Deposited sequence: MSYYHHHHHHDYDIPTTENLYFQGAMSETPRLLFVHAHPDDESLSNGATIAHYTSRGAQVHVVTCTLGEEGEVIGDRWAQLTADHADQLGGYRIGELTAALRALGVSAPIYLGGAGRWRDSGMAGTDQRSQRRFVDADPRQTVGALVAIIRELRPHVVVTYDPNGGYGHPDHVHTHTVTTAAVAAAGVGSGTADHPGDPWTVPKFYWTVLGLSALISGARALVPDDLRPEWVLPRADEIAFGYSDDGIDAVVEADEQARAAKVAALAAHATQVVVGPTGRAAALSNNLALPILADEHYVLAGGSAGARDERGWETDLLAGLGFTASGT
């Protein structure tokens, strides 16, 4: 027996469910950057997909159990992180991971410095193949909204910068010419909202942090955006923030979530607040309604989606 269902959205006179696509470099980037936004939309019935460009084979590992999986040892961390990503996405309401070009196609490029005995690094990949692979995904899923890193790739990791480059080119090529062309309605860059981070970090209390963690300072955040530079914000509810916390917890080899779930830290022990609001810059398409801050409050703003019956 097929379970009874109801179409939740209409776009004009046709039932049409919003589709969003987030493109990230490594496993856990989706949770750290857009976890609350993804959970926000999936819980509202929107179809959300996450594309991860690499397995994150060059990552470090927290703890001793999986320490020998690192690249300088057994070099099997990428395969192990597939499970962490799968569990993280499930926590956010996303079905399964989507690896660009197939899982294992292009390797984590690393943060530069260490060995690099690899003939398949994402940053060194032929744009014809990477852009081609992403175009196929975009034409298949036909996303109303695509999200990726800004030109500086957030912190500046080589793979984040490259993800921006490939996604930008793919969005541009997707509608020119899983076969028919598709022009993406809205294209955003996920960015760090400086003012939100500041108040968020200051609001953290002793029990939210482990004794060895330290809150970041100015010279540790040179890629934040001012409220003037931000174009949109998704202010999710506590349910969505809780899903983000759960997603982060799933990336056990990369992140440590505080005892109260209000903060988390990476291997560098740099504690960051786990906030419900995530910020964006409109990179392509026309914006919907803006609030008093001059920000849209829904990535789907202006696309004409309405709840069925309204």
Write out the missing regions of the deposited sequence in sequence order, one range per stretch. 1 to 12, 190 to 195
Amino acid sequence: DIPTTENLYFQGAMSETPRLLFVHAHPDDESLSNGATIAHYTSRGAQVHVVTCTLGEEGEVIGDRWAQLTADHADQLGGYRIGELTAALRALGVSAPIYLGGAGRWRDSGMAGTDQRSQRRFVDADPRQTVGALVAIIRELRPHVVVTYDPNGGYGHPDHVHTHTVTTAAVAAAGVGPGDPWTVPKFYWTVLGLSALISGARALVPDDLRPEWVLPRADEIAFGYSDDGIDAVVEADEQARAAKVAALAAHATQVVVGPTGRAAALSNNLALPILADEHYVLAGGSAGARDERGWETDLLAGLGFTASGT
From here on, numbers count along this sequence of modelled residues.
Segment of higher mean CA temperature factor, 253 to 261 or 46 to 54: 253 to 261
Higher-B stretch (mean Cα B-factor, as the entry records it), 147 to 155 or 112 to 120: 112 to 120
From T167, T183, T130, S95, the top C-alpha temperature factor is at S95
Quick one: which of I198, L85, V191, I137 has the biggest Cα B-factor according to the entry? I198
Tertile call for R210 (CA temperature factor, within chain, third-based) is the highest
Using the temperature factors of the C-alpha atoms in this entry, rank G302 within its chain: lowest, middle or highest third. middle
Which third, lowest, middle or highest, does the C-alpha temperature factor of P178 belong to within its own chain? highest
Based on the deposited C-alpha B factors for this chain, I'd like to know if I221 is in the lowest, middle or highest third. highest
Where the record places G35 (Cα B-factor, split into thirds across the chain): lowest
